[PDB]
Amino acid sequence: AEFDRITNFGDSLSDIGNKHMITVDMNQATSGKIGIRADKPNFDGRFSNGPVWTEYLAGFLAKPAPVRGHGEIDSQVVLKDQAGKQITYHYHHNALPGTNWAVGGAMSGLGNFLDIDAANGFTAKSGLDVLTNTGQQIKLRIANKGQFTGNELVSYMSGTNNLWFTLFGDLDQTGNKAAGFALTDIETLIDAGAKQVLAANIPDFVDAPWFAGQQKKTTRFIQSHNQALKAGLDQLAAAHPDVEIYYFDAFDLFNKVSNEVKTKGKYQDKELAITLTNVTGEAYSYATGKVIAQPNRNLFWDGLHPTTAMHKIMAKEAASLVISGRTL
């Protein structure tokens, strides 16, 4: 074995419950005043109806299952009631040892980000920016657990939120700007000792329901991001021959799966016991509360995140690359 354990960094595609559990614990600490993310009918705090690809990945590589990790959280939560009066809670959570540092909402780059809402009629003034961008996760893992020793496979899957908050937030990043942030982060991993890196591009989200009417902007972003990331990783691989870099082309996998459903009616993998027959609709609608009968016939769980079947598909592809030594 070249590695005996896996470390994960990224966003809702990878998170096994950080976003969920930090909003549960902040809601308890504020006595009901924080909205819970990834609530039922999402599965056990994942942004899906089952395990996500980082969980299947560890099974397919026969390594230990991911365990959630994060750093110490310490914030002054300042809320405002109806009448404009401020109320405050000092929120703390100790650092949580683990291996999967991903968090829903995270963008490539450093720093914390804001993507938690007040609840129960309160508005939030400050103190909810407790979640960590992908590069911040890396920084915190090194602070908490030291440098990498070479016995880890490190997965890095980020960039979707750099697009998301460009569309629906306050950002204006180009794809190749966002890619540069990912390349900086991945260079931090190498400078910190990582010797095996599984780096993913952004999936082909052309048909994601939440991106309807954003297609020109999404398409240009994703194509520019993924071309920049690939070229940048080729360059890092040439400069660091002691590092195995695996390029998980999530884009092409989503594209291939979707073109098989569009042209042939189905994408089937009998080794995995999966058949997808829908790549354009939500299995779960956040308007009716509708969850269709057989959600694992769909690529999309909600308007963006994949079903657990599509997560399994992703994991098999990524594992395949590692098993076959298919490096840059």
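Heads up: residue numbers just count along the shown sequence, starting at 1.
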{"item": "Of 75-83 and 181-189, the one with larger mean CA B-factor", "value": "75-83"}
{"item": "Given 151-159 and 205-213, the range whose Cα B-factors average higher in the PDB entry", "value": "205-213"}
{"item": "Residue with maximal Cα B-factor (values as given in the PDB entry) among 46, 68, 33, 297", "value": "68"}
{"item": "Peak C-alpha temperature factor (PDB record), options 273, 279, 38, 57", "value": "273"}
{"item": "Third assignment of residue 122 from its chain's C-alpha B-factors", "value": "highest"}
{"item": "Modelled-residue ranking by C-alpha temperature factor, third containing residue 242", "value": "highest"}
{"item": "Chain thirds of CA B-factor: placement of residue 90", "value": "highest"}
{"item": "Residue 98, C-alpha B-factor rank within chain (lowest, middle or highest third)", "value": "highest"}
{"item": "Lowest, middle or highest third - CA B-factor, residue 145", "value": "highest"}
